[PDB]
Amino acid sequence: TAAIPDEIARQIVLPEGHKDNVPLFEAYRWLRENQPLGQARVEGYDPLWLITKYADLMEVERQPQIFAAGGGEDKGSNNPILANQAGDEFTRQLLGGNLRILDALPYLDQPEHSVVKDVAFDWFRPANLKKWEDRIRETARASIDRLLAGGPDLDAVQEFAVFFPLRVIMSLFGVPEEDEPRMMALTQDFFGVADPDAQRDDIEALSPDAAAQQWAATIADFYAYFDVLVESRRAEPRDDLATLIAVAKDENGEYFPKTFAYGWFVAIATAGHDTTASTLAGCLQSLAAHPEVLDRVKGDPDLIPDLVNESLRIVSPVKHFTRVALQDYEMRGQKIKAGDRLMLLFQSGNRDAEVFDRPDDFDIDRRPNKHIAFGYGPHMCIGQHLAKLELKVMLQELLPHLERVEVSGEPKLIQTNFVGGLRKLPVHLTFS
């Protein structure tokens, strides 16, 4: 019944707690072993049930009519992405009483979620992504050509891994190549709201609501860009993902509101490349630590999907979404009350020893690899098949050209409790 101890709670709830993976993962582990379902009561935050166990993540996510993302019929009464209390008060002042700052899938509950998700569900299915594999492979090869040209010493993140997923999604999306640097800068603002090296110049960095001001400012910049793209594609449809979303109409034959397209576009333009870049950089970091794995996958390229799955489980770059209980609910001997918020800790589920043998080991021979890096339930990642295709294609093209990865300098993580991973990985590569 006791609250989670304050230093364990702060490690997971505060963005500064994610600056270093070692103490973060040790806090997840302490909970899984000692207090698998407790309430964090951190100053400045709402109370949060920390969902640390793999089984519990599935139990919550498969019951959306009990555990809502956006607050159910009171739309926007829950923020699916954890802000501090001051930040949710800023957003309620800006929007007028609610937190639904985007019409993107994470903010929506059924049945609205289901109607909106169906606009793009088919596009993202594996069979419908096959048509893009040759373009993806040509982009991977061009990126590898630049890696070989630039020599063996680099930041494997900012000087390699960020570019391939950005070019892939912008080409599929239909954003011109010259607009990639703007999308990259806005993505850093969006995922960097609480990172001290990613502060926008136009917000008060030290305000109690700074992250929420940065979130809102970045969304307004994306809206200005995507208004022009939606109007362009409605006027002249093209064979791109922008068009599919921009022209979408509801059951009454009316366009979905423009902000619904903007919501898809914000998710595509941010998660559509950043998570893949994080997983690729993480995989390279793990191949430096486990050179015998690089040797094995070069010897058997059919192991590449297994390498991708284990990189997803270990990196788990999307750390959480929040839920709110619409009714009282008993789980694991605890009484969640109506109105209580939950924090779904996907990285912790991915280290659950009840599911994974030696869960901190990098082991590509987990078959099946039961990871929950893409979440679960109706909100399960829509982009998962595109991410796994891009990572497979890039590793098929890259690994034959790598004999060894050495980390030659200090890795840096994005300081976030949301969408994180490496921002810097200094390497020395040995090419074949």
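Note that residue numbering begins at 1 and tracks the sequence as displayed.
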Inset, instruction - Output the stretch having the higher mean C-alpha B factor in the entry; the candidates are 400-408 and 35-43. - result: 400-408
Inset, instruction - Taking the mean of the C-alpha B-factors per stretch from the entry, tell me the winner out of 97-105 and 285-293. - result: 285-293
Legend entry - Residue, from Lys258, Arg233, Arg200, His273, that the PDB entry assigns the highest Cα B-factor: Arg233
Inset, instruction - Using the entry's values, work out which of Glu251, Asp340, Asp209, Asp74 has the largest Cα B factor. - result: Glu251
Inset, instruction - Rank-wise, by C-alpha B-factor, drop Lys335 into the lowest, middle or highest third of its chain. - result: middle
Legend entry - Ranked against its chain, the third holding the CA B-factor of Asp306: middle
Legend entry - CA B-factor placement of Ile81, once the chain's modelled residues are sorted into thirds: lowest
Inset, instruction - Going by the recorded CA B-factors, say which third of the chain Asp118 sits in, lowest, middle or highest. - result: middle
Inset, instruction - Name the third of the chain's ranked CA B-factors that contains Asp221, choosing lowest, middle or highest. - result: middle
